[PDB]
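Single chain ahead, by itself, as structure tokens, in the form deposited in one PDB entry.
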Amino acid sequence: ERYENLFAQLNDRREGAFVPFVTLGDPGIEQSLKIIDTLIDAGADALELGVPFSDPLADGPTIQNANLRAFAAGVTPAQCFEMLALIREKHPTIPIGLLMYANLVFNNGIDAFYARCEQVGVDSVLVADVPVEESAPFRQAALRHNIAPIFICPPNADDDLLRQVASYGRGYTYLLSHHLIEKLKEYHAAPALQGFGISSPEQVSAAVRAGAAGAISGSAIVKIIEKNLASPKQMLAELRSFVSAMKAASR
């Protein structure tokens, strides 16, 4: 619902969406909540938030350390959901998506996980290690709780996969970093957001020109956090400048 409204509003303004990613609890609960509020105040159209996991086999060094820092802070899934509830209570319309690892969703029951997402106000969930081939239980539980199941459209994909992602995905299609973008639209796929490697304003403008509904940036965001650990204030200042720049490029 929030993704639908967002893209409709962004379309009426002929502008793309800029979606930053950060790990919940990194480098701490308090600072993370502040980081998130800064990202929103800076121009973020939506948020992608990660729940600290012991073995993030889909993340590079930068995010691996974000999780490490989060764990050093004692961050747990239960606390992440408390943070999510708070974030939603403060920001009613911004789309909030989670980046999860399968075991955290499966742990206490898949249905229960998505039910918790709905109660705190989450809009979408992308499970990193669940390919479309194993997605049935997950997207079914997502749909039952009005949560959009996010699917990754890889660059090394084919027609078959494109059709699956288009019919199974909701909210937005995660386009890994043109022709695919056209195919997705042809198959009525959820708006495409390009991710992976997006760290400059020009890349954001490029994505929107290619036909994507927007772009997602994480590592670039996380790097600002890790390089200003000893300077909480400077960290926020830098974050604001980066997001504002990336957001401006989407217009």
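Basically, rigid core = biggest C-alpha set you can superpose within 1.5 Å across the two forms. Quick note: we count residues from 1 along the sequence shown, nothing fancier.
Enquirer: Look at the stretch from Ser177 to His178 and count the residues of the deposited sequence that the entry does not model, then pick none, 1 to 3, 4 to 9, or 10 or more.
Expert: Unresolved stretch here: 10 or more residues.
Enquirer: Look up the CA B-factors in the entry and say which stretch, 45 to 53 or 65 to 73, has the higher mean.
Expert: Of 45 to 53 and 65 to 73, the stretch with the higher C-alpha B-factor average is 65 to 73.
Enquirer: So 16 to 24 or 233 to 241, which one's hotter by mean CA B-factor in the entry?
Expert: Higher of the two, by average CA B-factor, is 233 to 241.
Enquirer: Among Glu133, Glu82, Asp160, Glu89, single out the one with the highest C-alpha B factor in the record, please.
Expert: By C-alpha B-factor in the record, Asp160 ranks first.
Enquirer: What third of the chain, by the recorded C-alpha B-factor, contains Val120?
Expert: CA B-factor rank for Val120: lowest third.
Enquirer: Split into thirds by Cα B-factor across the chain's modelled residues, where does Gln140 land: lowest, middle or highest?
Expert: Its C-alpha B-factor, which the entry lists for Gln140, ranks in the lowest third among residues of this chain.
Enquirer: Within this chain's modelled residues, let me know which third the CA B factor of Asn107 belongs to: lowest, middle or highest.
Expert: CA B-factor rank for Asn107: middle third.
Enquirer: How does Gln164 rank on Cα B-factor within its chain, lowest, middle or highest third?
Expert: According to the entry, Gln164 has a C-alpha B-factor in the chain's middle third.
Enquirer: Where does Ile181 sit by CA temperature factor within its chain: lowest, middle or highest third?
Expert: As the PDB entry reports it, the C-alpha B-factor of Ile181 lands in the highest third of its chain.
Here the subject shifts to the form deposited in another entry, a form of this protein not shown in this document.
Enquirer: Can you spot, among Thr93, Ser167, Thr76, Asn107, the one with a CA shift of 2 Å or more between the shown form and the other one after core superposition?
Expert: Residue with a C-alpha shift of 2 Å or more: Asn107.
Enquirer: After superposition on the rigid core, does the Cα atom of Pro56 shift by at least 2 Å between the shown form and the other one?
Expert: Yes.
Enquirer: Looking in the other form, decide if the C-alpha atoms of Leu57 and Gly171 are closer or farther than in the form shown; they differ by 3 Å or more.
Expert: Result: farther.
Enquirer: Knowing the Cα distance between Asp55 and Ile198 changes 3 Å or more in the other form, does it shrink or grow relative to here?
Expert: Between the C-alphas of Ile198 and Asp55, the gap narrows in the other form (3 Å or more compared with this form).
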